[PDB]
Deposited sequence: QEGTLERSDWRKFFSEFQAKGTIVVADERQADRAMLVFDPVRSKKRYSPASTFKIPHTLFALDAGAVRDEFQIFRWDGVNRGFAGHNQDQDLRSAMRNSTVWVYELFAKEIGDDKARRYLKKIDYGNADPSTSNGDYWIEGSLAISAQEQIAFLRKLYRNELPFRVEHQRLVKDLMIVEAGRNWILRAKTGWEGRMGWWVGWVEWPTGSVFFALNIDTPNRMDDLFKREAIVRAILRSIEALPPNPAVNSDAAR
């Protein structure tokens, strides 16, 4: 691996404190790039980035059939336009609609959740807590997120390939003729994430960033701002 201490300029540009791991697979046998190596190995609640493996759990357990199933909103104003309405998997993913996944968690159960977490060796694989991925015991590091994402990319997770493909499709955030950005944000109040990858004809560039959010909601834009600036600097995103 290679430390990129010079990347501090990107974090300072947005007055943020955090870490980022970038694994560029476009060429062969390349070192992972990391800013703040120690923090990159520190485990934190995955927050909504957990929707990536959780969707696999839900599809595997039959808690959700496919991308067309609709889950009905209870009418409760949770203070999120994206949340205050019926949802399908894509809207739930795109808007981090936690209540939908709370439904899945209830149907899956704690015992099965533990088995699923163990089979994918996800962080501390501890679902002790309803939303164990937000306020529960579950925690994972930026480096561990990269390892997990690479397995999903390669269809190497112990789930139906159809489910792995559906989740990768749900993760689409942006795309051009020769590139596709797949990612997921996360925020649990004081910690924010943005993990995913951008695929190019010669290979994919994985990333996992987390930052503290002392300004709460006002710091959320920094997640994508920092990652995009870094990705652009290594030509992993169009200029």
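Asks: Going from the first residue of the deposited sequence to the last, where are the unmodelled runs?
Replies: Seq positions lacking coordinates: 1-3, 133-134, 245-254.
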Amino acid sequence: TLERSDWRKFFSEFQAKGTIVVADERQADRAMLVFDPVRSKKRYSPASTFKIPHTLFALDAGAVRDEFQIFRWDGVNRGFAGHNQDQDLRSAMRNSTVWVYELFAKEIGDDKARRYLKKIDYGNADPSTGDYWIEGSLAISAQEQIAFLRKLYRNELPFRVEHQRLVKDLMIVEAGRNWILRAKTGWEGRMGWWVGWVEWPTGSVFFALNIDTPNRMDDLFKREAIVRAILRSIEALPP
From here on, numbers count along this sequence of modelled residues.
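Asks: Would you mind comparing 42-50 and 23-31 for me and telling me which has the higher average C-alpha temperature factor in the entry?
Replies: Higher mean C-alpha B-factor: 23-31.
Asks: Comparing 194-202 with 65-73, where is the mean C-alpha B-factor higher?
Replies: Going by the record's values, the stretch with the higher mean is 65-73.
Asks: Which has the highest CA B-factor per the PDB entry: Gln85, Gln164, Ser91, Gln145?
Replies: When the deposited C-alpha B-factors of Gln85, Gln164, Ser91, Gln145 are compared, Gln85 is largest.
Asks: Among the chain's modelled residues, which third holds the C-alpha B-factor of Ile226?
Replies: Lowest third.
Asks: Taking only the Cα B-factors deposited for this chain, tell me whether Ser137 sits in the lowest, middle or highest third.
Replies: Top third by C-alpha B-factor.
Asks: What third of its chain, lowest, middle or highest, does the C-alpha temperature factor of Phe80 fall into?
Replies: Its C-alpha B-factor, which the entry lists for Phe80, ranks in the highest third among residues of this chain.
Asks: State the tercile, meaning the lowest, middle or highest third, of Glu156 with respect to the CA B-factors recorded for its chain.
Replies: Middle third - that is where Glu156 ends up once the chain's C-alpha B-factors are sorted.
Asks: Which third of the chain holds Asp60 when residues are ordered by C-alpha B factor: lowest, middle or highest?
Replies: Within its chain, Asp60 is a middle-third residue by C-alpha B-factor, going by the deposited values.
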